[PDB]
Undergrad: 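Would you mind keeping the following structure in view while I ask a few things?
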Amino acid sequence: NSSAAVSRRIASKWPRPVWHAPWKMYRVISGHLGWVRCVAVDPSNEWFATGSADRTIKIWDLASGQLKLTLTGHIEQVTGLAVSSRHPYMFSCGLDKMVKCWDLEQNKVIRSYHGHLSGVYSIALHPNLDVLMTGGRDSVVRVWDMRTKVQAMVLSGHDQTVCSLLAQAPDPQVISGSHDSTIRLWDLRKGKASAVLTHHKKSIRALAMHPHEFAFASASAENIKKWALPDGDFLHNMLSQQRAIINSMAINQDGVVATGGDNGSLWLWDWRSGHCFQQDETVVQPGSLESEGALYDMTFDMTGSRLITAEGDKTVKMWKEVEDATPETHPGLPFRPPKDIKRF
RNA sequence: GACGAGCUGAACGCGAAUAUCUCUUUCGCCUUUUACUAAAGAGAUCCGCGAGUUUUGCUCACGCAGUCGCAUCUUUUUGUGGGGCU
């Protein structure tokens, strides 16, 4: 219609925020010797893996936070981690240009996916095919046969580092976000972008799918946008700006969107209304700089009740819902609908 | 109530012969990398191999044919007969 017309529609009909209980940080785990950069939860929900700048992958007990195992095989930072839901496999990528399949029955690297020309930044397992997708500084999403280690496909078109990656079973089966400020939705059968989304002004460092809805969120240093699938229809911006580079985004089944800032902020938003009900800043562990405070990864556990964050003060932090909270004792940041008339 | 030697196909399967490679680690050579050592594992490959009908190539061969739609003395096929009562 217009920006004015749509702004009046928006003042009338914006979905109100669903009340979400606040989250509190209940656990710091020290022990990585570099920035914790990636997290991944195992589908059983009993351990998580964190990769680091100290080049290791640590396996942690999800309920005690206990170091179960350290895995060394990367030469540089571990930048991405993906635990398979269908295979007893963990996948890691790293700044060493290397993608590794870890056999979790051996605790050993059994396959290596060779071919990234620069450091690898993002990883994604196809949820239904035995295929993995990695993006890196060579601006390219490399699509790998899990079994034969073969590079089945190269998704070309981005211009800078592919920083975020999504994989789903419906079309578009790969979503990438890049430092070139675009999101490509890919047709995995054709090897071609099915859509290029140019609404972001900064680089898209975080993508997240909605667990249940056909929609994803992308996050920049400037906005978190929400997009409808298959075609990547812009739904909306979050109703506030985390004034931070967002490194990580996780979405819950309750629709809690967690976004984690390069400055160590953690904002919790209502998916579906776009409204942030919580805003936190990290505390950095003793010794750290407060410059060294970013929030590089976050995942929810499989139930959605825990959020594990991988931080630049080299900690894993764990957050649980203060779910003994009720919309009366704990509403959080309160909502004013987007009443403005603005230009879009 | 009944008949193969040799080749390529079979699609399924590893008597006693065993070499190479890859990966993840440790160990030893030790300036580095190859090229190596010897331990732990996890994976491949090579060179070969057995049976089923597929026949190609016999240079062998066939049909009143080997087989068809237990044979009289006490224990078995040489029965103990005949009558008649409720």
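Below, chain A is the first sequence line, B the second, and so on; all start at residue 1. Values below: all heavy atoms of this structure, side chains included; hydrogens, waters and symmetry mates excluded.
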Undergrad: Could you list the residues that satisfy ring pair (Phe, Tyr, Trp, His ring centres under 6.0 Å) with A:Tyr26, not counting sequence neighbours?
TA: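 Checked A:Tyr26 against ring pair (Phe, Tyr, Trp, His ring centres under 6.0 Å); zero matches.
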Undergrad: With syn defined as a glycosidic angle within 90° of 0 and anti as the rest, where does B:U32 land?
TA: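 This nucleotide is in anti.
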Undergrad: State the dot-bracket string of RNA chain B. Criteria: Watson-Crick or G-U wobble, both atom distances under 3.5 angstrom; notation: ( ) intrastrand, [ ] crossing earlier pairs, | interstrand, . unpaired.
TA: ...........((.....((((((((.(.......).))))))))...))....................................
Undergrad: Within residues 95-111 of chain A, find the residues that approach RNA chain B with a heavy atom at under 4.0 Å, and present them sorted by residue number.
TA: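 Those residues are A:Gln106, A:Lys108, A:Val109.
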Undergrad: Between B:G52 and B:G9, how far apart are the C1' atoms? Round to whole Å, please.
TA: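 Rounded to whole Å, the distance is 14 Å.
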Undergrad: Mind telling me whether B:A11 is syn or anti, cutoff 90° either side of 0?
TA: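 B:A11: anti glycosidic orientation.
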Undergrad: Does the pair B:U59, B:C60 qualify as stacked when the test is that the six-membered ring centres sit under 5.5 Å apart and the ring planes lie under 30° from each other?
TA: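 When the rule is applied to B:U59 and its neighbour B:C60, the answer comes out as no.
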Undergrad: Please report the distance separating the P of B:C46 from the corresponding atom of B:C3, rounded so that it comes out in whole Å.
TA: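 Nearest-Å result for B:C46 against B:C3 at atom P: 42 Å.
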Undergrad: State yes or no: are the ring centers of A:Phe91 and A:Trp144 separated by less than 6.0 Å?
TA: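 Between A:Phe91 and A:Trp144, the centre distance exceeds or equals 6.0 Å.
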Undergrad: Roughly how far apart are A:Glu222 CD and A:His199 NE2, rounded to 0.5 Å?
TA: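 It comes to 11.5 Å.
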Undergrad: So, is B:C14 syn or anti if syn means the angle is within 90° of 0?
TA: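 Because its glycosidic torsion lies within 90° of 0, B:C14 adopts the syn conformation.
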Undergrad: Check this for me, if you would: do A:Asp270 and A:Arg272 make a salt bridge, where the nitrogen-to-carboxylate-oxygen distance has to be below 4.0 angstrom?
TA: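 No, no charged N to carboxylate O under 4.0 Å.
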Undergrad: Taking the chi torsion of B:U33, is it syn (within 90° of 0) or anti (everything else)?
TA: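 Anti for B:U33; the angle lies over 90° from 0.
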Undergrad: When rounded to the nearest Å, what value does the distance between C1' atoms of B:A17 and B:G48 take?
TA: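 To the nearest whole Å, 10 Å.
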Undergrad: Sort me out a list of protein N/O and nucleotides 32-34 of chain B N/O pairs below 3.5 Å, or just none if empty.
TA:
none

Undergrad: Assess whether side-chain contact (heavy atoms from CB on, under 4.5 Å) is satisfied between A:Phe216 and A:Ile175, documenting all intermediate values.
TA: CA-CA 9 Å; A:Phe216 71 98; A:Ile175 296 156; 3.8 Å; yes
Undergrad: In this structure, do the base rings of B:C30 and B:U31 stack on each other (centres less than 5.5 Å apart, planes differing by less than 30°)?
TA: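 Stacking does not hold for this pair.
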Undergrad: Given A:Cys93, which partner from the list A:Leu165, A:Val120, A:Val78 fulfils the side chain to side chain contact (heavy atoms under 4.5 Å, CB included) test?
TA: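 Among the candidates, only A:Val120 passes.
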Undergrad: Are the six-membered base rings of B:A42 and B:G43 centred less than 5.5 Å apart, with their planes inclined by less than 30 degrees?
TA: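 Stacking holds for this pair.
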Undergrad: Evaluate A:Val284 against A:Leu289 for side-chain contact (heavy atoms from CB on, under 4.5 Å), listing each step before the verdict.
TA: CA-CA 8 Å; A:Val284 287; A:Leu289 229 42; over 6 Å; no
Undergrad: Please work out if the bases of strand neighbours B:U56 and B:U55 stack, meaning their six-membered ring centres are under 5.5 Å apart and their ring planes differ by under 30°?
TA: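 Not both cut-offs are satisfied, so the bases of these neighbours are not stacked.
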Undergrad: Hey, does the base of B:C47 sit stacked on B:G48, as in ring centres below 5.5 Å and plane angle below 30°?
TA: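 Ring centres under 5.5 Å and planes under 30°, so yes.
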Undergrad: Identify the residue among A:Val140, A:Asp180, A:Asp138 that makes a side chain to side chain contact (heavy atoms under 4.5 Å, CB included) with A:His158.
TA: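 The residue from A:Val140, A:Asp180, A:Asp138 that satisfies side chain to side chain contact (heavy atoms under 4.5 Å, CB included) with A:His158 turns out to be A:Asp180.
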Undergrad: Please name all residues satisfying ring pair (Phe, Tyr, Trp, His ring centres under 6.0 Å) with A:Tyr121, sequence neighbours left out, ordered by chain then number.
TA: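 None.
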Undergrad: Using the P atom as the point on both nucleotides, what is the distance between B:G84 and B:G79, in whole Å?
TA: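 One P to the other, the span is 25 Å.
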Undergrad: Flag the pair A:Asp130 and A:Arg86 as a salt bridge only when some basic side-chain nitrogen lies within less than 4.0 angstrom of an acidic carboxylate oxygen.
TA: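 Salt bridge between A:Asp130 and A:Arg86, a charged N being under 4.0 Å from a carboxylate O: yes.
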Undergrad: Considering only the P atoms, how many Å lie between B:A10 and B:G63, rounded to the nearest integer?
TA: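 Taking atom P in both B:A10 and B:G63, they lie 37 Å apart.
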Undergrad: Does the ring of B:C12 sit north or south, if a positive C1'-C2'-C3'-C4' angle means north and a negative one means south?
TA: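 The B:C12 sugar sits on the north side, the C3'-endo region.
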Undergrad: List the residues meeting ring pair (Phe, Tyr, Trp, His ring centres under 6.0 Å) with A:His74, not counting sequence neighbours, and say none if there are none.
TA: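 Checked A:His74 against ring pair (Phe, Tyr, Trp, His ring centres under 6.0 Å); zero matches.
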Undergrad: Distance check, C1' atoms only: B:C12 and B:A51, in whole angstrom units.
TA: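 Going atom to atom, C1' in each nucleotide, I get 10 Å.
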Undergrad: With ring centroids as reference points, do A:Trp14 and A:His275 lie under 6.0 angstrom apart?
TA: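 No, too far apart.
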Undergrad: Would you measure the distance from the P atom in B:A16 across to the matching atom in B:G50 and give it in whole Å?
TA: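 B:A16 and B:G50 have their P atoms separated by 15 Å.
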Undergrad: Taking the same atom, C1', in B:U77 and in B:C70, what whole-Å distance lies between them?
TA: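 Their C1' atoms lie roughly 11 Å apart.
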Undergrad: Quick one: look at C1'-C2'-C3'-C4' in B:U34 and give me north (positive) or south (negative).
TA: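 On the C3'-endo side: north.
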